[PDB]
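The structure appears below as C-alpha cells.
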Amino acid sequence: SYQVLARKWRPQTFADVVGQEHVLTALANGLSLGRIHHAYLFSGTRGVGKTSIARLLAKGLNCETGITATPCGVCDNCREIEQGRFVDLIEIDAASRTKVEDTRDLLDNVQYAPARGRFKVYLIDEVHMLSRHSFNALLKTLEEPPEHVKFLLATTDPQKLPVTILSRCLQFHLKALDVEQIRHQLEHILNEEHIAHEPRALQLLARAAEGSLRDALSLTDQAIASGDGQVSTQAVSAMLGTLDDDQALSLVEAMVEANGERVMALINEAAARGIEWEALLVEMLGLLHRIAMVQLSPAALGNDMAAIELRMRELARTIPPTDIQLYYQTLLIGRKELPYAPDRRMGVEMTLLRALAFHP
Amino acid sequence: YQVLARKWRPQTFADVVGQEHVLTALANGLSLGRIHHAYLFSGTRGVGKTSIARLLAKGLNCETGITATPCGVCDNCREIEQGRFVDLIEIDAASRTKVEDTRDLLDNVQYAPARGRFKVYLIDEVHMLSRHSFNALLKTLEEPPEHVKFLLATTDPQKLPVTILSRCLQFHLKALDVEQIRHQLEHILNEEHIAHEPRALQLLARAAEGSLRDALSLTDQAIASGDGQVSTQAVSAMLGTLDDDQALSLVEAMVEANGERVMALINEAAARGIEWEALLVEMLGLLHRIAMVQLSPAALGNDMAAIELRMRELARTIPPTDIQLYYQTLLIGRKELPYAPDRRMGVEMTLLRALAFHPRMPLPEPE
Amino acid sequence: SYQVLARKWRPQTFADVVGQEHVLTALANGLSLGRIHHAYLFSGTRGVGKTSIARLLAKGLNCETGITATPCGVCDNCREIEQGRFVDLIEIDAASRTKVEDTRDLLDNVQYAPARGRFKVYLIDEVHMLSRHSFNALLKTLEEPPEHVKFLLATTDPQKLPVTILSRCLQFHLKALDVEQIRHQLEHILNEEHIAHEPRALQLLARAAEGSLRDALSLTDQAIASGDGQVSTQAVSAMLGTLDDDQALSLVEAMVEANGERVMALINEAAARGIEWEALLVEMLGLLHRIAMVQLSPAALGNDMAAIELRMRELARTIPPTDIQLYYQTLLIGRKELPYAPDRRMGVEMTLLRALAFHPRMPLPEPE
Amino acid sequence: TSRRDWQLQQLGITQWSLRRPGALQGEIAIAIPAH
Amino acid sequence: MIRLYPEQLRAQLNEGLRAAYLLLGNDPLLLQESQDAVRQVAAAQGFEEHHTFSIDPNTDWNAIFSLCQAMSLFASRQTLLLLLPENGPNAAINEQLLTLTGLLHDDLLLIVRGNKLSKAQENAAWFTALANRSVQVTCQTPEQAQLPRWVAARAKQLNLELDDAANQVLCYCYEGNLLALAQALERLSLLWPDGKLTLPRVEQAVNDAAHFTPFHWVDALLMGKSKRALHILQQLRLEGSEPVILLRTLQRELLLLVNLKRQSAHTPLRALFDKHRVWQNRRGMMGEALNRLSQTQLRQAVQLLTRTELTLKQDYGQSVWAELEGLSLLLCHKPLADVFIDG
Amino acid sequence: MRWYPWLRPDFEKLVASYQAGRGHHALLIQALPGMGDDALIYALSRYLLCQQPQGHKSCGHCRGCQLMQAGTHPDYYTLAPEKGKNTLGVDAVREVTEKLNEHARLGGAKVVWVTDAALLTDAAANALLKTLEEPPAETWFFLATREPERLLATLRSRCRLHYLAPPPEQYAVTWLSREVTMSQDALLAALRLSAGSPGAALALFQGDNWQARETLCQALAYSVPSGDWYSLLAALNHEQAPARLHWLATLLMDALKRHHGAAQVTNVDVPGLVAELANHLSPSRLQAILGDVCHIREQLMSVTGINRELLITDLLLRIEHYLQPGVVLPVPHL
Ligand SMILES: Nc1ncnc2c1ncn2[C@@H]1O[C@H](COP(=O)(O)OP(=O)(O)OP(O)(O)=S)[C@@H](O)[C@H]1O
Ligand SMILES: Nc1ncnc2c1ncn2[C@@H]1O[C@H](COP(=O)(O)OP(=O)(O)OP(O)(O)=S)[C@@H](O)[C@H]1O
Ligand SMILES: Nc1ncnc2c1ncn2[C@@H]1O[C@H](COP(=O)(O)OP(=O)(O)OP(O)(O)=S)[C@@H](O)[C@H]1O
Ligand SMILES: [Mg+2]
Ligand SMILES: [Mg+2]
Ligand SMILES: [Mg+2]
Ligand SMILES: [Zn+2]
Ligand SMILES: [Zn+2]
Ligand SMILES: [Zn+2]
Ligand SMILES: [Zn+2]
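Residue numbers (my numbering), protein chains in the order written: chain A, 4 to 363; chain B, 5 to 371; chain C, 14 to 381; chain D, 13 to 47; chain E, 33 to 375; chain F, 1190 to 1523.
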C-alpha cells in the first residue's frame, strides 16, 4: 500500500535520524551503561523527531536481544513496535485522556507486569494538555515507579507543564533542524526514491520547511503531486509562490523612496499574478538585512544579486542605518499581524503604507 | 543504575542539605517531646518537603523510640525507606479531591495503628483539596486522635484556608543556595566514583535554580551525555549555553562600536553550531549583570569571579543610560526573533540596531 | 507529646475567656434569667473562640446543676463535654453533610429526645456552606424547634448567609482579640507552664497573630520548637523572617526610599522563598494601586487587611502622586517585558532598578 | 523631538533616563556619563 | 382591598380579623414581625393550626385541598400560609391560586408571603376575587433616607435613647439588613439596661453586616459619595457576588449618561427623558450626574470598563475588585489621573 | 453548496493524484469564503466513494453514488460544529476517530470531512493529530480553513496544503454581472471587498449586507465633516459588526491610499466619501484610526461573548479623542 514520505521514511534506527546528535548520544550511552531513567521528556518544535526518537528508545529497551543502543528492528517485539502493535508500548494521547477515570486507570494498571516485553513503556504525547489534577496524581508514579515501566513524554512546549513534572523528568531539547540538514535529508530521500531533483528546488523546500522535516516532506509530496512526479525548480517556485526576481527589490526601493503610487501598482500586479504575501515580506526583510550588512561591511554581499548589485549598493549609500532598521521593524510588525488582518492584501498594504509614513 | 534522585534520598537528618531552621525545629520538638499533631511543609519543587516528612515519620515510628536521630536499621525504618510502611499513609490530594473521598479517608482515622506507634498521614499537594474537603478536615486537624499525625505538603501555601494554616505548624522550606547544590552534587559524584570538573558542577548548579531534584536530573543527563563522566564541554553542550567569555567579547565589541568584531564573533558562533536565542539571552544576562554591578558593588557571584574584574571595567567605563539602551535593544530584538526570516538574520539585525543607535559612536549616517 | 497549647488551653469556663466581653455578658444574662433562644450564631474570624464559646454554652446549658452561666466543670456532663465525647453534643460540619440524604437524616434525628442531656445541642460549623435545600430544611426546622433541642451555629462569613437564618437565630459576632489581649493570654499561658520568655518576643507573637489566638498559640509553639524549650527574641524574629510573605510591601517601601541594597536583599529573600516572579510583580502593582487609591480617598483601604494598615497609610501620605505614578508605570512595563527578559529573576531586578533609579523618556505628540 | 529619539520611540525603545542618581552606589567611577 | 403597613397592622387586627391576608414586599424583618403578629392574634382568637406550605411546581396540592376542605380533629378554624416563589406566580400557580380562592372557606385564615408582585402580576382573577375581603400589607425595605426615622421609631418603641451619632452608626452598619439592626438594638438594650446609648456604647458593640444590590452601588456612584461606594463594594465582595452583574449594571447607566451628554448639546433634557421613558424619580438624579461631570469624564470611564472586562474574562485574575473601586472613585469628583488605572 | 466554474481545473488536478493511488491522506484546502471549497471536497469524496468510477467524474449510479445522493453512506464520517454552537468539541473527534478505527462497511474507502478546522478546539485538534499522522488504510481526510496560520503548527504540518486561488478579477466581475443585475462598479467594489473571491460577493449582494454598507457609508459621510462619529454606532451595532468594521477599515485604507496617490481603491463605488475622508483627516490620524478599527475587529472576532456595544462605543470615543489636536497617536508594535 502506498504511504506518504513522512510515513515511508520514518527512522527505524539511531543512525537514520538526522540531527539531534546530543540527545541521541545521551540515549545510546545510557542504554549501553545501563543507567536508564524512568521519565524521558522530549521538548522541541514540530517535525523534529519526537515520536521517532521515542519509538526508537522503546525498541531499544524492548529488544529481545537485551537492552541495545541500536535496536536491530527485526525481532517480533521490534517489528510490532515498528508497526504500532506492541501491547507493552501504550501510546496515550494527553488531550483525549484528560478525564479522571482515564488517568485513574492509567496509574492503576502500572502494577500489572508487562505482557510481552521487559518494560511497559508509556508514550504520552503532548503531555502539556493533561489537566493539573492529572499531573498531581501522576507525580507519585513519575517519582518512584516500579522497575518495569518507563514514561516517555512528548510536548511541543515544556514550560506549560508543572515545574514538578519538569523536575521529575529528563528533558531532551530537540534542536530545530537547520537548512543544510533538511536539504541533505531531502536529497537522500529523493535519490533513494528514484526521483529527479534540482539543487534550487531542494534549497527552496528546505528554506520553506521552517526547521521541521515533516513539513519539508509534506511540501515535497505537494510538489510531486503538482509537479507531475518531478521536483523541478519552476514547479516548486509556482507551488511556494516565490518571487526569486527583482520585483521585491523594486518594491523595497519604491517603499524607501515614498512614491505610494509605485508601491500600490506593484502590489496590485503581484496580487494579479497570485503570489504568496508572507514570501514577499520575507524577501523584503532579507533585502533590508542585506542592505544593513553591506552598510556595515561592503564585502558581505554575494554575487547572486550581481545583476542588481549597483542599485542595491545605491541603497546602502543612500539610506541611513536607522531608516533601514525602521523599515525592517515595520515589515516585521506586518509579518506578525498578517495572519490576523482582515485580508492578506489588506495586511500587506497597511504594512507598506506604515513603512511609507516613515521618512528622513 | 538506579536514578540519582531516588538512590540518594536522605535517610537521616544529617543527610539533608540546607533547610537548617526546619531541621533544627523538628529535632528540638522530637527531643523535648513537644510534638504537634499537624505539620505543614511548604517550598518549591525538589527542595526536600517529602524527604523531611519521611524522615520525621521514621523518627516518630522508630522501634528504639521517638527520637530526632532514627537508627535506620529497625524494621520500621527499613519499611519507611522502601516506601512499604503500612502506617505511613502516603495520600495524594488530587487523587481524593471530592468531599466524599476525604470523608472516607477520615472514617478510618480512629482505628489504632497496625504496628507503628503513630498513624502518620502524608498528604501531597494538599492545596489541591477542595474547600469542602478542607472544612471537613478542619475538625480532625484541630482534635485528632492521640495516635494520629498529619504531615501536609504543598508548593503553594497561600491557597490554603486561614483556618488550616492556623491549625498546623508551618515550615516554609527555602530554595537551596547554589553553593549548597554544588556541594551536594560534588559529594554524591565523589561517593559514586565519577570524574567531574568544577566548572561543570557550577554550570549544573546554576541550571538548577533552587530545586536539588533538577540538579540531580541534569547531573544524570550530563553523565549520559559524557559517557560516565561530567566534563565541562559536555555540560556546556547539553545546556546550550556558550562560554561567558564569548558573550563578554560580543558585548565589548558592541559597546566599542566596531562591527567587524561582532560579525566575526557571530560567524564563529554559527560555526560552533549554537542556537542564536541562547546567545541573545547570554548577552542580555551580561548587560543585566553590568547594570546590577553599577547599582551595587557586590552583585556578581563567585561563579563569575573568573571574569569579574573585566566585567567591573565595563561598569566603570559604560554609563548607565547606554547600558539600559543596549539592554532594551537586545530585549526588543529577542521579542522580534520568532518573526524574523532567520534566527541568524534576527540576531544580526538586532546587533545592527544596537550599532546604528550607538550613543557614543553612532554608525555613519550617509544623507 | 505533652499535648499542644491550643488543645490544652481551651477555655473550660466563662471566666477564663479572653475578650468577647459583650458576647460573654449576653450569654451569662441569658443563662441566668433562663431565657434561651432557639438558635445561636457565633461568627467572626478564626481562632477567636467561636467553637470554644459554643462548647461553653453547651456545657453550661446541660450541666447537672441546671441552666447556669458558671458551669461547675466537674460534673459528668461538663467533664464529658470537655473530653469531647458527650452523646447529646452533636457536632456536625456542613462540609461533608450538605447531601440531601444526610440533611434528611439529621432532620429526622432531631425529633428524638436527648439521651442524658437537658438539651440536645447541635453544634453546626461553617453553616455558610449549606446548600439551598439544606438551608431551607434548617430554616424550616428552626421555625419551631422542640423545646428539648438547641442549635449553636458557628460560621465565619455571615455575608454568605442570607438574613433568613437570622430571622430565627440570635447572632453574637465576635471581634478581633486585639494585640494586648493576645499578648496577655500568651504571657499567662507561658507563665503557667514555667516557660521562659522575653516581653519583646511576646509582643512580636501577638502582633504576628493578626487578631487570632489560635494563630498566636501555633506561633509560640513554633518558637518553643525552634527556641529549644525557651522563647527568645532572636528565635521568634528568625521564625517570622522565614515565615514572612510580605516581600512585595517591603520592596515597595525600599523603592520609595531608593534603598538599592535593601531591594537586593529583599529580592534575594524572595528568591529563597521561591515565589513566582510574575506573581510578585502583580502583587507589587496591586500594592501601588492601593496606595494611589488611598491617597485619592482615605476610605479606599478596606478593613479586610490590618497587618499592613500603618505601612500603607504612611506610604500613601508620604510619597506624592507623581512618584507613585512613575513606580506603577515602570512596574507595568517590567511585567509586560518579563517574558522576554533573560531570566524572571533578572527581569524583576531590572524593573526594580529602573523604577528606583531611572525614568522613561515619555513620547512627544508632534504637531500635525 | 530629535530624529534619534523619534526613531527609537517608533522602534519601541524606551530610552530610560537616570533622573534619580545617587542610588547607583558602590564601585562606580563613571567619570564621563555622556551628559 | 385595604393597603396597609406593618406599623399600623396591630390596630387593624385588634379591631377585627379579616378573611384574607397577604404580606407583599422584600423586607425580611417587617414580613416576619407582621406574620408573627397575625399568627398571635389568630391564636388569641382561638386558631390552633398553623399550616405552612411553599408554592412550587414540584410540590403537590392534594394535601392543601384536603386540609382546606377539612377541619382539625382537636382544633378548628385552621390557618394556612403560602410562601410564594421568588420569581413570582406563573400560569400554573395562577390556576392553583384561583382554584384556592374558589373553595376558600371563612374558617380558614389565608396568609401569603413573598416578593412584591409586579403590575402585570398585580391584576389577576384570584386577586380581584379576594379584593372584596383582602387586606394587603406593604412590606418594602425603607430607603436610606427613610432608614434613620425607622430606626429612631424602633428604638423609641423599645424605650431606648439614641442620639444622631448612634442612629447614623446603626444605619451605616445595618443598611438594608434591618433584621440585624433590630437584633443589635435588642443586644444593646440587654447590655445597658439604663437605656441611654451614646456613640461609644453603640460603636463598641456593632459590626458591619449591611446587605446591598448592584443598583445601590450604581446609585452611590451617581450621587458621588466615595465612602458609600467603597462600603457597598466591600459588602458585595464579601457576599461573593460576581463582578459581571456589577459591570453590566454600571455599563447600562454609563451608556445612558454618555448618550444624554452627547445629545444634550442642542436638545432639551425633558424631551430626551420623555423619549427614553426613564424612571420619574431618577430624572433629577440623572441631571445631577450629567452636570456633575463633563465630557472629559465619561470617556476614560468607558475605556476603564472595557479594560476591566478584558482583564476579567481574558486574564481571569482576582484584581477585578481593585479596578471596580478605582472606577468608582473615578466616577466621583476626583482627579484620577488614570495612569494607575490604565484607563 | 454550489460548484463554481473556477473549481474545474484544481479538482481535475487533485483527482489526478487519486487516479494514480498517490493521493495524500490528509488534505487541507486553503480557500477564502465563497470559493466553494465545500463543493470541491464533496466532489472529491464522491469520487473516492464511487465503486465504479469512469474517467474523473463518478458514475452516479453505483451503490456509493446512491448512498451519497441519499446522504446515508456508512462511511464518509463528517465533522462539523453543532448548529447551535460555533466550535467543534473533542467528543465529536473522538467518536469519529473510533468509527474510522475499523474497516469500511462497503469495503472501499473511508472519508472524513472537517467543515472548518479553524473552529476546531485545541483539544479536538490535538486528538485528531494521532489519526491524521497514520490514518488506517484507505482513509482520507479533507480539512478546510480560511487562514492555515490560525491552525496549530502540528496540524498544518500533518496535512498536504492545497491553495485554491481565486479567478481573475475580470472573470469574477463578468460572472457576477451575469448572475446579479447591478452596476459593474458595485460588483467590482464587492469583489475587492471580498478579497476578490466571487460567491462571497454574491452572498453579500443576496443578503441585506449591501444596504447595511450603504447606510454605514452615509453615516460616515455625515460624521466626517461634523466630527460626530458617535452616530456611527447606530449603523455599526449589529450581529455582523466584524463585517461592518472591515468595511470601515477598507474605506479608511482607500482614503489613505488616495492621500498617498493611487489609481485603484477597494470602495470604487463611493469616490466622494473616500475623497472627503482623505481630505478631512491627516495620514497619521487615518493610520491610527485604521489600526484601532482592525484591533477592535480582531478582539470582537476572537473573544467570545464580549459586550459588542461597549467595545464599539469605546472605539468611537477613542477615535473622537484622537481627532483632538495635541493627542499622542498610538503606533503598532509587537
Ligand atoms: N529528526 C528527524 N530525523 C528523521 N526524520 C525525521 C525527523 N523529524 C521528523 N522526521 C520525519 O518526519 C516524520 C514525522 O515526524 P516525527 O518523527 O513524528 O517528529 P515529531 O516531532 O514527533 O512530530 P510532531 O511533534 O508529533 S508534529 C517522521 O516519520 C520522519 O519521516
Ligand atoms: N533538602 C534536601 N536534602 C537532601 N537531598 C535533597 C534535598 N532536596 C532534594 N534532595 C534530593 O532530591 C531528591 C528529591 O527530593 P524530594 O524531597 O522527593 O522532592 P520534593 O520536594 O518532595 O518534591 P515536591 O516538593 O513534592 S515537587 C531527594 O531524593 C534527594 O536525592
Ligand atoms: N477567646 C479565647 N480565649 C481563650 N483561648 C482562646 C480563645 N479563642 C481561641 N482560644 C484558643 O484557641 C483554641 C482554638 O480556638 P477556637 O475556639 O477553636 O477558634 P474558632 O473560633 O473555633 O475558629 P474556627 O471557628 O474553627 S474558624 C482554643 O482551644 C484556645 O486554646
Ligand atoms: Mg509526534
Ligand atoms: Mg514532595
Ligand atoms: Mg472552630
Ligand atoms: Zn530486536
Ligand atoms: Zn529505627
Ligand atoms: Zn457541670
Ligand atoms: Zn458510482
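Even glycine gets a Cβ: it sits at the ideal position worked out from N, Cα and C.
Asked                                                                                                               : Found
Close-in-space but distant-in-sequence residues of the same chain around E/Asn46 (CB under 8 Å, 5 per side omitted) : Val73
Cβ contact (3+ pairs, closer than 8 Å) linking the stretch 352-360 of chain B and the stretch 320-335 of chain A    : yes
Contacts that residue 54 of chain D makes with chain C (C-beta to C-beta distance below 7 Å)                        : The question about residue 54 of chain D has no answer, for chain D in this structure spans 13 to 47.
Ligand 3 heavy atom lying under 8 Å from the CB of C/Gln172                                                         : no
C/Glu156 in three-state terms, based on DSSP                                                                        : helix
Any C-beta of chain F under 9 Å from that of E/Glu357                                                               : no
Helix, strand or coil at E/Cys171 according to DSSP, with G and I counted as helix                                  : strand
E/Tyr53: first and last residue of the uninterrupted alpha helix (DSSP H) it sits in                                : Per DSSP, E/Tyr53 belongs to no alpha helix (DSSP H); it is in the beta strand (DSSP E), 52-57.
Segment limits, alpha helix (DSSP H) that includes F/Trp1302                                                        : Element bounds for F/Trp1302: not the alpha helix (DSSP H) but the beta strand (DSSP E), 1299-1303.
Buried versus exposed call for E/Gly316 [16 or more other C-beta atoms within 10 Å across all chains shown]         : exposed
Residue burial classification, E/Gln283 (beta-carbon count within 10 angstroms, cutoff 16)                          : buried
9 Å Cβ cutoff met for A/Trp280 and A/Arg210                                                                         : no
Continuous beta strand (DSSP E) stretch holding B/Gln174: start and end                                             : 173-176
Under 7 Å, CB to nearest heavy atom of ligand 8: contacting residues                                                : B/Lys62, B/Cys66, B/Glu67, B/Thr68, B/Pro74, B/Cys75, B/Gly76, B/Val77, B/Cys78, B/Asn80, B/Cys81
For C/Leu218 and B/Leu164, the rounded distance between their alpha carbons                                         : 21 Å
Backbone secondary structure at D/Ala35 - three-state DSSP                                                          : coil
Buried versus exposed, by CB contacts within 10 Å (16 or more), E/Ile277                                            : exposed
Sequence-distant residues of the same chain with beta carbon closer than 6 Å to F/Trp1192, five excluded per side   : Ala1228
Residues in the stretch 1397-1419 of chain F having any Cβ partner in chain E nearer than 7 Å                       : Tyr1419
Check: A/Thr54 C-beta below 8 Å from any heavy atom of ligand 4                                                     : yes
9 Å Cβ cutoff, C/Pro376 in contact with chain F                                                                     : yes
Residues in the stretch 310-324 of chain E having any Cβ partner in chain C nearer than 8 Å                         : none
Whole-Å CB distance - B/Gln237 paired with B/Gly22, under 8 Å assumed                                               : Not quite, the Cβ-Cβ distance comes to about 30 Å (not below 8 Å), so this is no contact.
Local Cβ density within 10 Å of E/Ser258, reported as buried at 16 or more and exposed below that                   : buried
Nearest-angstrom Cβ-Cβ length linking B/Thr144 and B/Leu189, presumed shorter than 8 Å                              : So it is not a contact: roughly 41 Å between Cβ atoms.
Assigned secondary structure, C/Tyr53 (DSSP; H/G/I helix, E/B strand, else coil)                                    : strand
C/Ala219, DSSP secondary structure in three states                                                                  : helix
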